[PDB]
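[1] for now just these chains, pulled out of the complex without moving them:
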Amino acid sequence: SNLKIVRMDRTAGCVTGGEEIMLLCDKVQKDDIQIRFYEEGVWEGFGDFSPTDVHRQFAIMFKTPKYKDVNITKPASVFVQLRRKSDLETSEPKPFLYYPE
């Protein structure tokens, strides 16, 4: 084994294909892997991508905190950044939009 599809941010698509998808998987080689789609006499098709599209990284599945004002009637735009606990270093912030329920 060793090859496993940990995750796919999209499990459906238009028969026309050509839509981008982010697939997460365990250890693989960038130039020795391929995503094959098949249907059991035997149809197949492969995903379009290149060696520069495949990078090793960290993944954090977390749950969002609750904004301060629960009762807004309009989207509140704020920031989300990474922060290291030991030296409180940070990352470039990123925009995140909260909406009323």
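    Now that the structure is in, tell me what you want to look at. Numbers count the residues shown, from 1 in each chain, chains lettered A, B, ... in the order given.
[2] going by C-alpha atoms from here, please, whenever you check contacts or count neighbours.
    Noted.
[3] residues contacting the nearest residue to residue A:89 once chain neighbours are set aside?
    Excluding the flanking residues, the one nearest residue A:89 by C-alpha to C-alpha, 6 or more residues apart in numbering is residue A:83, at 5.5 Å. If you count contacts by C-alpha atoms under 8 Å, 6 or more residues apart in numbering, residue A:83 has them with A:89, A:90, A:91.
[4] can I get the residues you listed in a markdown table including distance to residue A:97, neighbour count and secondary structure?
    Shown next, in a markdown table, are the contacts of residue A:83 (distance: C-alpha to C-alpha, whole Å; neighbours: other C-alpha atoms under 10 Å; DSSP: H, G, I helix; E, B strand; the rest coil):
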| residue | distance to residue A:97 | neighbour count | secondary structure |
| --- | --- | --- | --- |
| A:89 | 23 | 9 | coil |
| A:90 | 20 | 11 | strand |
| A:91 | 18 | 10 | coil |
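[5] now, among these, which is nearest to residue A:74?
    residue A:91 (27.6 Å; C-alpha to C-alpha).
[6] so who does that closest one touch?
    A:81, A:82, A:83.
[7] the residue lying closest to residue A:51 once chain neighbours are set aside - how many residues pack around it?
    Nearest non-adjacent residue to residue A:51, counting by C-alpha to C-alpha, 6+ apart: residue A:30, 5.1 Å away. The tally of other residues near residue A:30 (other C-alpha atoms under 10 Å) stands at 14.
[8] extend the structure above with chain B:
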Amino acid sequence: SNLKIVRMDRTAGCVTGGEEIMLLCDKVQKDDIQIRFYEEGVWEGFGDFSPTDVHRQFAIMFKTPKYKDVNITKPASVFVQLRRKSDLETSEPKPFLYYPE
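    The block that follows adds chain B to the chains above:
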């Protein structure tokens, strides 16, 4: 630097929070990182997750191939698996649904 938010599968959420999100980032330590949300006197809030929620992995952004029958009027369910080019090893297949445009 060194800390960077490569990706977030969701950049919006209900003010009630508590919704799961997959965030991708560069090199980090599982027990030394935190996702902080803030608003500039200074509001803040953090993402809910644990050390077992943070794993290093490979990421492949690719574009989907086009199904055989472009003209279906009903969803065609098929499989997608990983395959190594050198020995054609594979991974457990996974379900993927094609729909008519």
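[9] could you re-examine the neighbour count of residue A:30 with chain B now present?
    17 (other C-alpha atoms under 10 Å in any protein chain shown).
[10] where's it, which helix or strand?
    Residue A:30 is part of no helix or strand when elements are defined by DSSP states H and E.
[11] and for residue A:66?
    Applying DSSP H and E, one finds residue A:66 in no helix or strand.
[12] so it touches residue B:19, yeah?
    No - Residue A:66 is not in contact with residue B:19 according to C-alpha atoms under 8 Å; the separation is 9.4 Å.
[13] neighbour count: these two, which is higher?
    Set residue A:66 next to residue B:19 and count neighbours by other C-alpha under 10 Å: residue A:66 wins out with 20 against 16.
[14] show me what contacts the more buried one?
    Contact analysis of residue A:66 by C-alpha atoms under 8 Å, 6 or more residues apart in numbering or on different chains lists B:15, B:16, B:17, B:18, B:45.
[15] by neighbour count, which of these wins?
    That'd be residue B:15 among the contacts of residue A:66, by other C-alpha under 10 Å, with 22 neighbours.
[16] wait, that one sits on residue A:74?
    No - contact status for residue B:15 versus residue A:74: not in contact, 10.2 Å apart, counting by C-alpha under 8 Å.
[17] mind listing the shared neighbours of these two?
    A:99, A:100.
[18] farthest residue from the center of chain A?
    In chain A, counting by C-alpha atoms, centre = their mean, residue A:41 sits farthest out from the average C-alpha position, at 33.7 Å.
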